[PDB]
Every structure is written in C-alpha cells, then in structure tokens.
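Let's start with one chain on its own, the form deposited in one PDB entry, as structure tokens.
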C-alpha cells in the first residue's frame, strides 16, 4: 500500500516520492515525469500561440509555459474545451497564473492552487492505505524535568518510553531498578538510544498523544542543545515540523506520524482529554496520573523514581493500545477521501470534503470551480433559515417512542437532486421544486454531489447494522465512532453548500435542503397526530418524541411500527423515518434540553447542565442525582433532600473547592472582546502578568465571596488557597446549583425557597 507522497526538487525539476510498503518491504518509488498544470478557457483556439508566449519571473528564474494540450471538460455539467497549461515546476504556477488570467484572450483559469503531491494521487488514480498490508507500529512518550517560569524545553528529557506488540520499555539516564528500564549514561545517549530503537524496529507508524505540539518540539530543542542528528525519517531526515492553523504538525518521512490527539478530540466527547481520561473512556480501565511536580521532585531527590518510570511506561503502553484501535478507523476515512492518513487525521472537515470532491470531479471530467476572492467572500455572508424546533410539552412523560429520519439532509439532496449543476437548469423534462423558497432542481440526470452521497450513506448503514449486533462493548464503541464520522461527513456536504469558501458554493441549494427538511418533519408530525392518535411531545429538525396518552408501552410500540410502515410508503426516494428507541419516562425542560430513561434504566441527557463543560461539577453532580431520583426512583422527596443537603453543605464550606471550578474557553485575542465576562476578566489579569493567552486557552476559575460583578471576584483555581480564600457559597447556590435543579423541580411544585439553607 501507499503510505504517503511528497515531492523534492532536483536540478530545478520536481520528483514525486511515493512511500510504499509491499510484501513486507518498504520502498520509495520516484516519478520524474509528472508535470504541474492548470486550465485556461480561451476566447479562441488561435490565441493559444500568444498564451504559450507569456512569461513570468520568480527569483531570477524566467518562468515559461512548457507545453499545452486541448481537452474536453465539463463545468457544472456543461461541456467546454479548455487548454491544459503544463509547467516544469509547481512554483511556476503561483508565479505566472495571474499574468495568464490577465491576458485579454483568456476568459478564466481553473485548478491553479492544487498541492502538487495531492494532484499526483488524484490524477494517477492512487489511494493511500489500500491493500492487505500489515503495518508495524510503535508508540512512544517522554518524561521531562519541569520548573515553573522556565522557557520551553529548558530542562532535560528524563525518560523516553516506547511500546509495541512485544512490550513496553523505558530509557533513562538515572539508575531505576525495574526490568523494563534501560539505563544509559546521559540524556544525549538516551535520545541516541531511542533513535537506534526506531531504526532497528523500522516502524511504519509512530504513534504519539499530542506529539504534534509537545514531544517532537521538545526533542528538537534538546537535540539542538546536544548536537544530535535526530534522523527518525526513513530517508535519514529529521522530523519536519510545520505550522498548521493555530498549531503545529510533525511529519516523519517514510513513516506515518499518527498523533492520536486530533483524532480522539474530534471523535469522542469528553470533559477533558488527558491520556488517562481517554484510556478509561475507551477501555473501561483506570490509569493513574503522575504530575510534573512529582516527576521533578523524584528526579532531584532520587526517591520514588520507579513510580515515574511506571507512569512513563504506561503512557507508551496505552498510547499503543489506543493507536491499534483508532488507526484502522482513520485508514478507512483516508481511503474514502483519497488522501494520506497524515493529512486526513489532521484536516478540517471542509478540506476533507473538498479533497474528496476534487478527486471525484477529476474522475468525471468535471472542472473544479475556483475558490472565491475577497470580494466574492463578502458577497457570500448572508445566512438562511434552518431546521424546525418545536416548543416542547414541558414535564414528565411516560411510554415515549423516538422516531427520526435516516440521514435527512443528505437524503433530501439525493432524492430531490439538489445541486448547483441542476439548479434552475432549463429544458429538462422533470423538476422538483423546493417548498417555501421555490428553487427548481432538474431530475433528468444525477447532480454531481447527489450522485456521490449514496455510497457514503450505504456504507454508514452497513456499519450501523454491524454495530448493533456487536457483543464486544469496546468494538461496539469503535463502530459507533466510525458510523458517526460518516454521518457528520455526509452532513458536511450539505453545509459545504452554505460555506463561504466552498468551490461548489450554492446558497440556493442549502436553503432548499433545510426548507424540504422543515416540510417533511411538520408533515410527519401532522400525520402521526391526526391519523394515529399520537401526541408529539418534542421535535427537533427531523425526529420527535411521542406517545399515545393513556396507552401502555406495548400499544405505543405497536402503533408506532404501524405508523412507520404507513409513512415510509408515502415518502419518496431515500427518505425514511426510523425507530430510534422507546423510553419508559422522560422529562422535557426546554428546546434542546431534556432527559429520558430506557427500560433497562439507562438515562440519556441532552443539553442540560450535566453535559456542559462550563457549569460547575457541584451543579452537574446535583442535577444528575436529582434526575436519577426522579426518572429511576420516582422519588420526588428524595430529589428535594439531595438539593437541601447540597445547599447546606455549600453554606457551611463543606463542599470540596475542586467541585466549584468553572471552565470557559478563550476564543479570540483579548483586544477583540466586546463584552468582558468572568473568564475574560481573569484572562486579562493573567495576560498582564506575562501569561500567553491565545485562542483555545481554557480559563479555570473559582468565585470568591463578594457582592459586585462576578468577574471582579473570580480568581484562577491555580491561585486558590483554602487558608486565605472563602469561595462564594451564595454564588454556587443561587447561580449554579439552584438554577440547574429548579427548572426541573418546578414541575412538582417547588420554589427555590423550598430548596435553600
């Protein structure tokens, strides 16, 4: 299989490198013949002789057109012949493309900003990660000496650990009496030893947890101090550290640096993404954390080093175990997009969609539309109406079924052929007309994007059917994550239509999709209420909760299955209403906030404070105990006692202050905030002390006793000292606990006054 491709320049000419593993052997294939290009649409074929003469300059190098060939293409499905303009070197294209577009004989140009190595994979029909090849994998981690106030990597690496199918080991330069610890003379020899190990094992995949932003940058700084050529690459190169967005990413050439952190972060929803949290969520086993402060004290005092080495060994071990499960999931996605695992595992959803569409467009002889310029971008900044959200029938309900459309927005795109190459096309035999907004879509031929969603959706449902039949609960989660990733990808094609930077931008398409969605869900609600006697309790976009007032569970389930047969026979094309589940009881608070319990006793909660990273644990813990007392024990008096116990404890300063921490993300430069909430107030006091506040910084603060603005008396939890600081017990009662639980216990006749003291 193909692992990666890139290009190097040799005597001014590009050379593609294809990193392969075949029959257990690593190979590098070199292609010297592939040429960069873009397309020009000319006013007349005779003008090509002029265009061939246009020249540019880049760094004292004259740029010329190497050669041309005329080709038949389609633009949004309409045939058109264009000139493929070839060049000697990819950098020629940025240097000359404006001069060609400016030529009076040139109407427009296309596909002039495609990275060369990806262009090669598309045009050659090559797909990374295809085949039965078994890849060898190696995880690694590091332990460092840390002191507050120091620069990054001023202190040495203390241990380097690595794990694979054969076990886990730790390299260190102090004497630790553990069988898996290899003792070397110095930090320098420890790094050189790890390098030796990577070259001996020759792994196809290096697995880290956040190596993109910590491990490799730390190693590089230390290797710069120590004079080490850290040649982990299979071509003898050192790791290649590149900016990517607001952070960095690291390649190791000829292998795949698989950083688990970007994958996990976008696949699993956790409050924190410490390695220990991730391990426990995936495998159901605890992992102990040893903190930087303990590690430094152990190294300097020479005591309890065995515990640090064990912690370091366990980091590599669980990092290997995780990579073994998540690599095949991301390899599948890599095959579906047609790009390397390295790119796909780190890329925004927009880039995944666009790379997929560029390959498919090449397969179908379709020219890609261009990315918008600044002025077109400003023109694309109007919003449009979305899904319908019904105001819920508040309170406790029994014997609830949940019905929900299968992949609704993609199914609408498929069924009604919603696409910019079909929008208001004239002269067709058949049209579908979007409700409310009136846009017409021709049905005589499959639209570009509609024609591609079907395979995604059919793949997803195969995974879903296997998921629901999987005994192994770990394997079941992993299938869940796969089918969810395809779901979001498919839905992102709809969002792509309304994305201002999209090449296949079409706002008419996007608002037609949502308009159809609104008409389908309200029609479905009308039918189930009118013709089957249901009451719809709550509905959001494409699903709803409903019951038959006064009927038992068996009756509600039976009549819901009858309604599904009836409604699906009336729905056109790929539109299908699904049975998602039955809940013995449910409590609906507001739009987007409710909790249901199934017949096995499992509670599911949506939108409520329990699921929000930005509410205090004491409020979430209390709300969770209350929901359990209500939905599971049907015990209202108990839920009330729980609240009363909590408020009393808070009043008496008996709640641990850890449960009172509030977490809120900084999303922008501090200068750009118009409204200064508590987390920005704290952030501005830290910045004034020299702390590097950037977008993505989480502020973790606690509210101290006082009266005025909350931000005036919020401090970071780092600075909280229980001997000097009294937390604001009234704030956590009146601003956190009570609001969270009173919105629920109102339904049973309890005012806040009934829950205080």
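Numbering follows the first chain given and starts at 1. For clarity, a rigid core is taken as the largest C-alpha set superposing within 1.5 Å between two forms.
- The stretch with the higher mean CA B factor, choosing between 231 to 239 and 651 to 659, is 651 to 659.
- Mean CA B-factor, 678 to 686 versus 541 to 549: the higher value falls on 678 to 686.
- Going by the entry's values, 151 shows the largest Cα B-factor out of 151, 111, 212, 511.
- Per the deposited record, 426 carries the highest C-alpha B-factor of all listed residues (426, 366, 187, 204).
- Annotation for residue 737: CA B-factor lies in the middle third of the chain's modelled residues.
- For residue 747, the recorded CA B-factor ranks within the middle third of the chain. Only modelled residues enter the ranking.
- In this PDB entry, residue 17 carries a Cα temperature factor that places it within the lowest third of its chain's modelled residues.
- In the PDB entry, residue 272 places in the highest third of its chain by CA B-factor.
- Among the modelled residues of its chain, residue 42 has a C-alpha B-factor that falls in the middle third, as given in the PDB entry.
Note that the form deposited in another entry isn't included here; everything after this is about it.
- In a rigid core superposition between the shown form and the other one, 82 is the single residue of 82, 434, 190, 341 whose Cα is displaced by 2 Å or more.
- In the core-superposed comparison between the shown form and the other one, residue 734 has its Cα shifted by at least 2 Å.
- After superposing the rigid core, the C-alpha of residue 332 moves by less than 2 Å between the shown form and the other one.
- Relative to the superposed core, residue 643 undergoes a Cα shift of 2 Å or more between the shown form and the other one.
- Shown here is a form in which the CA atoms of residue 480 and residue 517 lie at least 3 Å closer together than they do in the other entry.
- A change of 3 Å or more separates the two forms for residue 471 and residue 277: their C-alpha atoms lie farther apart in the other entry.
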